[PDB]
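Following: one structure in structure tokens, then a few remarks.
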Amino acid sequence: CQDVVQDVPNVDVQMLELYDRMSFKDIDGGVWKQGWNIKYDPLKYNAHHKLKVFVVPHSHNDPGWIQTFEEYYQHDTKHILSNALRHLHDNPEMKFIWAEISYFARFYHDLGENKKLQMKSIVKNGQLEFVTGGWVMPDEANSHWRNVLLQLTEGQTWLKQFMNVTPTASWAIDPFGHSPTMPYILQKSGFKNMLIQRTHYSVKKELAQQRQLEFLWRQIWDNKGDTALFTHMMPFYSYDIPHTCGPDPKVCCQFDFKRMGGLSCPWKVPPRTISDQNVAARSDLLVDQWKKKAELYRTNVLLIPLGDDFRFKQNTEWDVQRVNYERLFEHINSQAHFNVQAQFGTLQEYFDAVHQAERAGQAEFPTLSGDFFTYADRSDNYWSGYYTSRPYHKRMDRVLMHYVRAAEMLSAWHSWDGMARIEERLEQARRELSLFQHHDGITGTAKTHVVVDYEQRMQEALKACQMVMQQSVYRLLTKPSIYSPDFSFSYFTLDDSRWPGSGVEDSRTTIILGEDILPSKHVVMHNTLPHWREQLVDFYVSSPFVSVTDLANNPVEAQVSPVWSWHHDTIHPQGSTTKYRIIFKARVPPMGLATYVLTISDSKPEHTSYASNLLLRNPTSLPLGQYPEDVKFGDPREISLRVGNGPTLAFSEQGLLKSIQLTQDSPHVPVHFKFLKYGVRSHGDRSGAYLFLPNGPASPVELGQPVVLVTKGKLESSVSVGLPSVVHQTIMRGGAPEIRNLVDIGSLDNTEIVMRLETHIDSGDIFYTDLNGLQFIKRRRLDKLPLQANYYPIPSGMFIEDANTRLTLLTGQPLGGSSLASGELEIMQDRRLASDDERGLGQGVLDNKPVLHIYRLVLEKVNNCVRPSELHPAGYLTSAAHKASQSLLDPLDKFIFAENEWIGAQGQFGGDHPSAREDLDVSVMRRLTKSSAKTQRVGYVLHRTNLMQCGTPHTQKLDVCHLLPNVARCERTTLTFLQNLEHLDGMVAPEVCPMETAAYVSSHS
Ligand SMILES: O=C(NCCCCCOC[C@]12C[C@H]3C[C@H](C[C@H](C3)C1)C2)[C@H]1N[C@H](CO)[C@H](O)[C@@H]1O
Ligand SMILES: [Zn+2]
């Protein structure tokens, strides 16, 4: 294994370093507004050194944006692919690339057998070429890497099954900035090349000037270059035809043959039919554009994309584009003075030719590390807004992410009879989640009715996962001698205390116990992580006199708290007189299950404690039915609370963290939570779904005298306050506290609510943010850039640190954030914007709705931690912050047995499963084979992160090939499971290096 801490990789372009140098001047460059006037020497080209031009037709199909997936399919995409099939069949030299497999499967499954064979023919002979072949073209800012892999795996498995093809070239023309997570996953999925478009205009200029638009993109920690993927960055403002032929859109627009009027050319010179009369002059103009574009790149091979949104719909558009380009190609190729060979081509064709030029020693390409956030398309129009837009669904993404892993893991242990419909359920679940990864899904940049479609699909997917999980649990914990399933029956319902949140939707079930009817209830906890976990769990119960046992009747220590809900004239808490929370510690095996029993008594049981409740405000009495401890009252004041050995938190009189004492000796380290607001510009560019354009720094929110509720218990205490737009909550269970914000922005139009942390941490201009929950990247605040350019994606966490102290905030949801000054962290909660931001959504964001945001706050000492070089572009979590992220993203699942009685019930599953080192995860367990198959196969994705070593190192070796019994073979595969990289002598899967991801398939006889 490489070391990813001590050795800094040496690369030609390190993006953080480049950002430090660059001046980012927005100077008028001419016809190319954000570059310069390109010059070429015309003697560069001659009969022995010619320009090879690949013109690559394409059609950018959004799986939802202005219309839903199904609306677009019917109005646009089904016509585009019909005409692709007809026109390419008839025109052998004509070519076309296709990215979005969601649309292509929809189409293909509706064809007659004859058309399917014709379609296979134009794919087999290379006319229609799939690029990337993911279900969607995903967002790269907010997306979790697991969901990036999910949507790629889904599209590629479809392509391999139905077209016998796996793309090795990726096409990503539309995501709003680009993550190095993509090459990381692609290069481990058999990919050899990738293309990107939406990078900062100043980055395009800078790289174009050095011919560094094509580069070997490696991970920021990779010394060796094993992760390197050949990347082509397109040079111009857009992927459309005006911005793809060359530097002068006014010329290029004239070679978009669909623009001959109800579309026109903004530059006011229309396209003209190519004729014998004009082909010489038209060709001179176009080749001059081609040759200017070629100056920006190192080979004599030129990529010319030919397409736009939902292009190639009309069969006449196929004609007018194909016929005019043929006449140009016929003239140009027959005229030696051009020294061009021009033809319709595919992306793979382009890349093969570029590597032939490299193999032949005509170019050597520079190395790059870093990301391409935050994207600006012009002036100060930074796309940091979509890091936060529609935060309800951003949260829902992470919840569905977990349920799909748990459903596929739980159901993977057994083959299922097809009458169970496990395969169907999981396919629906994978595809709805995969679709939401689209750059108009998770981004929150779609119209209101499309967001509603995405919500409804994710809701159906969650229900499908629940059905699979509860069937799997009943099977895993019922004696085989009794197990006799009704595949349509709910044996368990799922309890989830964090989605949607009782504050958002009053939807948790009360386990109703009574000494006559239902004295006891079985509950089950699932642990998807491959190590022993001991986590507090809670359930709603109809009486406070409840005791907890394992199935062996060993007593388990519990706490009962009241059920609090918040209400709005003044924002004040009310208690239930009818239901209570039972809280206890579940110990659950690796990738396993543990059963416990909730039992009623007439009175206080031996092993169950009751929290006190203190309501700080001019009081009036609050009953809690049979809850034995009466609510105490009082005036706002400062409070300290501690749970177990874990930290002591001090809170203000408005109920907001002002300090954390780690240990009993150590200091009360200042840590202030405050809510602020950004507004919208009155004159200038308006903030929208995409753009964050604040009218200067955030201004504090008037809290007034808010009602602060304090609940204090042996196992769990919390401080909650009803602030305007936010019920803020700090929960303590004996480690890093958990923060919950119930965010209701109401109709505070032209407002972005932010949450800031103020410390004395001497961070300076340095902060760290993660990319797709895979890696932490060093950010440097740049005073030379406006505020919105210092905002970055916070997909799963952010941190600051000096020589001694670190503060890490972990998120349960992707949101936008920064460190706008030394010892600060801030993360946006929600945004409501009256105005469109003129990127084609055609509305602002006025569909806000209550969301429950969840966080972990890890203050820790790092003076004794081995930290990377001051010159390393990466950061790494501590064990405590990694485990805290794990408790947000993949908590224990909770199952309440539905029936009065459970014959066959067992207490545990997975007792024998290995408990792997804390840095290793089984990201994916997925059975690859239906029952009717003599060889069963199960895929595993193993990720190993890298944690800062702090000199405090109980760990069985995990071999996923020996998890299921009767193994006949073990293969290391691509992360899609679609290719064998080795049959493993030993039938053992070996341990993977820090920051490595590897996939294995185990076979069974
Ligand atoms: O960018 C994308 N598509 C092309 C965009 C066309 C819409 C541009 O309208 C500009 C204006 C229309 C009217 C209202 C105002 C002022 C003028 C008139 C010009 C704005 C792609 N990226 C999108 C991201 O959401 C989407 O995933 C699409 O595939
Ligand atoms: Zn798009």
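Side-chain atoms are counted along with the backbone in the values below, which use heavy atoms only and exclude waters and symmetry mates. We count ligands from 1, going down the list as the structure has it; atoms in each ligand are counted the same way. By convention here, the first residue in the shown sequence is residue 1.
Proximity to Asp62 (heavy-atom distance under 4.0 Å) selects the following atoms of ligand 1: 26 (C), 27 (O), 28 (C), 29 (O). Set against the non-hydrogen atoms of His439, the atoms of ligand 1 under 4.0 Å away are 27 (O). Close approach of ligand 1 to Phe176 (heavy-atom distance below 4.0 Å) involves ligand atoms 24 (C), 25 (O). Interface atoms of ligand 1 facing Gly840, defined by a heavy-atom separation under 4.0 Å, are 7 (C). In the vicinity of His60, heavy-atom distances shorter than 4.0 Å reach the ligand 1 atoms 29 (O). Interface atoms of ligand 1 facing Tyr690, defined by a heavy-atom separation under 4.0 Å, are 24 (C), 25 (O).
Atom 14 (C) of ligand 1 is not flagged as protein-proximal [any protein heavy atom, distance under 4.0 Å]. Within a 4.0 Å radius of atom 23 (C) of ligand 1, the protein contributes one or more non-hydrogen atoms. Distances from atom 19 (C) of ligand 1 to the protein include no heavy-atom value under 4.0 Å.
Annotation: atom 25 (O) of ligand 1 to nearest protein heavy atom, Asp440 OD1, 2.4 Å. In this structure, atom 3 (N) of ligand 1 lies nearest to the protein heavy atom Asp309 OD2, 2.6 Å.
Aromatic ring centroids of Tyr791 and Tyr387 lie 6.0 Å or more apart.
Under the 4.0 Å criterion applied to side-chain N and carboxylate O atoms, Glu455 and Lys849 are assigned as salt-bridge partners. Taking the charged nitrogens against the carboxylate oxygens, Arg686 and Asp836 have no contact shorter than 4.0 Å, which rules out a salt bridge. Checked for salt-bridge contact, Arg378 and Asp26 miss the test: no charged N lies under 4.0 Å from a carboxylate O. Between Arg779 and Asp371, at least one side-chain nitrogen of the basic residue sits less than 4.0 Å from a carboxylate oxygen of the acidic one, meeting the salt-bridge criterion. Note on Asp380 versus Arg681: salt bridge recorded, some NZ/NE/NH1/NH2 to OD/OE distance being below 4.0 Å.
The residue from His438, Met137, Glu838, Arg198 that puts a heavy atom closest to atom 16 (C) of ligand 1 is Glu838.
None of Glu100, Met137, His439 except one satisfies the side-chain contact (heavy atoms from CB on, under 4.5 Å) rule with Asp62; the exception is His439.
At a heavy-atom cutoff of 4.0 Å, ligand 1 is contacted by no atom of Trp383, backbone or side chain.
Looking at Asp836 next to ligand 1, no N or O pair under 3.5 Å apart turns up. Ligand 1 has an N or O atom lying under 3.5 Å from an N or O atom of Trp65, backbone or side chain.
Proximity of a side-chain donor or acceptor of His178 to a complementary backbone N or O of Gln197 within less than 3.5 Å is detected. A donor-acceptor pair is defined here as one N or O able to donate and one able to accept, closer than 3.5 Å; such a pair exists between the side chain of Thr388 and the backbone of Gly816. With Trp65 contributing its side chain and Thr445 its backbone, the two residues share a donor-acceptor pair below 3.5 Å. Side-chain atoms of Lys293 come within 3.5 Å of backbone N or O of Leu303 as a donor-acceptor pair. Proximity of a side-chain donor or acceptor of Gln127 to a complementary backbone N or O of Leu88 within less than 3.5 Å is detected.
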Using side chain to side chain donor-acceptor pair (under 3.5 Å), reason through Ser687 and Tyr678 one step at a time and then give a plain yes or no. CA-CA 10 Å; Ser687 291; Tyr678 291 100; over 6 Å; no
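Between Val55 and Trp290, some side-chain heavy-atom pair lies under the 4.5 Å cut-off.
The closest approach between any non-hydrogen atom of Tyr386 and ligand 1 is not below 4.0 Å.
Around the Zn ion (ligand 2), the protein atoms of type N, O or S found under 2.8 Å away are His60 NE2, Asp62 OD1, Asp174 OD2, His439 NE2, listed by chain and number.
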